[PDB]
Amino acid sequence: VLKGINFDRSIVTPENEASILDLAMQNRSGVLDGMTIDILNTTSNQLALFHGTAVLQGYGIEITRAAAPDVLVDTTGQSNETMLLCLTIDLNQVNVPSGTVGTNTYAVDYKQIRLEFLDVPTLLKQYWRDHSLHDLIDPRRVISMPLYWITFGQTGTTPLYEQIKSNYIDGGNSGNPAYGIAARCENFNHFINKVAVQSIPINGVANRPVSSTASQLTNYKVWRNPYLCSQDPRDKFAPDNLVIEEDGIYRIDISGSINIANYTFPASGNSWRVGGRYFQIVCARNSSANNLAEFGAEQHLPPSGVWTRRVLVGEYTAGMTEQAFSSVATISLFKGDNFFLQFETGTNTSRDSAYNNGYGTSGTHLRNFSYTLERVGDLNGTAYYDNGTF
């Protein structure tokens, strides 16, 4: 039969209002405020956390403030291990009410809510990003959200901690928590190496032309949304590659200019004409390496025939010192993918190359380069096949 959920004779249940709040949360779970570590009230037997509010699959969880310590987690038995401090909902447990709504004595012991320590494989098997209490095919009764990486030393010491920022809805994403900006940067200048194919460094360090003979590695302002992407964990790829943490249709915006761009000089032999040189800027995705995602989680496999390289700007140098470019594209990206930008041109400086033989400010370089990477759509259901290949 046809069942009404919100109708005149319907009884609105807890599962119902959680499903509504989850929808309003864009199916994202996370700490809405507070719930950060309290080192002052942290010992070698107890871990303390400040008061706050979180939403886990539509269920509102609160750590209440009083008098501090707002809450205490038992660390006895935990030594010489790296654990995950998790907030867990266990629907197998029973919430115990006491007193009465008539007197002013109603209270509940929420045994369905736990603050605990889990190892990485245990958390992954009950992580909200991968499993759901509300799931259609595999509904679960126990779900968790990791708050902190906790590294316990020898018995009698206080532990080391690292916030799992992907699980905190801190700021930048309020209103559209599952979408918005993934990565963005300020304008930067980067020297073009004398090679056919090279990546453009999008992670905060550029090889900035500083003099007529040299370029030097210089920081530039960059921002990343930890829920959507992260800097590659391997030092070889760290300057260039992003690891995508969330499946979706993303929008990539690029702009800048190619300064000291090479071209064949107009001479009597070529009928006093500029010999333009081909170059292209491409965006790329690579999924050959598994476990790049947070917690070394399993990558999401892309559909058959998925793109790997896409031309954002393809043209010839026009005989000017500096020539501007701009591009905007929507692309499919998968959890675990590597995402990066490449600069492609010929290697013969006297024939097909967009780059010259100069170094530093005398050499061909990218000037005023910037980008924005944003999540603009999901790949749930049919979209995975229809929209996921490009």
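One-based numbering along the sequence shown.
Undergrad: Of the other entries that cover residues on both sides, do at least a third skip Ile11?
TA: Yes, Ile11 lacks coordinates in at least a third of the other entries compared.
Undergrad: At least a third of the other compared entries leaving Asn270 unmodelled, is that the case?
TA: Looking at the other entries that model residues on either side of it, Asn270 is missing from at least a third.
Undergrad: Might you work out how many residues are unmodelled in the deposited sequence between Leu40 and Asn41, and answer none, 1 to 3, 4 to 9, or 10 or more?
TA: Unresolved stretch here: none.
Undergrad: With respect to the recorded C-alpha B factors, which stretch has the higher mean value, 300 to 308 or 127 to 135?
TA: Going by the record's values, the stretch with the higher mean is 127 to 135.
Undergrad: So which stretch wins on mean C-alpha B-factor, 327 to 335 or 44 to 52?
TA: In the deposited entry, the stretch with the higher C-alpha B-factor mean is 44 to 52.
Undergrad: Sort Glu186, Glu116, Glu245, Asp170 by C-alpha B-factor from the entry and give me just the highest.
TA: The listed residue with the largest C-alpha B-factor is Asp170.
Undergrad: So if I compare the CA B-factors in the entry for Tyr179, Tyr227, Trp272, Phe279, which one is the largest?
TA: The C-alpha B-factor peaks, among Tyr179, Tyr227, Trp272, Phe279, at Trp272.
Undergrad: Per the entry's values, where does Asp22 land by CA temperature factor relative to the rest of its chain, in the lowest, middle or highest third?
TA: For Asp22, whose C-alpha B-factor we compare with every modelled residue in the chain, the answer is the middle third.
Undergrad: Is the Cα B-factor recorded for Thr372 in the lowest, middle or highest third of its chain?
TA: For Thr372, the deposited C-alpha B-factor lands in the lowest third.
Undergrad: Mind checking which third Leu32 falls in for C-alpha B-factor across the chain?
TA: Its C-alpha B-factor belongs to the middle third of this chain's values.
Undergrad: Could you tell me which third, lowest, middle or highest, the C-alpha B-factor of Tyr250 occupies within its chain?
TA: Ranked within chain, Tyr250 CA B lands in the lowest tercile.
Undergrad: Per the entry's values, where does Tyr148 land by CA temperature factor relative to the rest of its chain, in the lowest, middle or highest third?
TA: Within its chain, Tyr148 is a middle-third residue by C-alpha B-factor, going by the deposited values.
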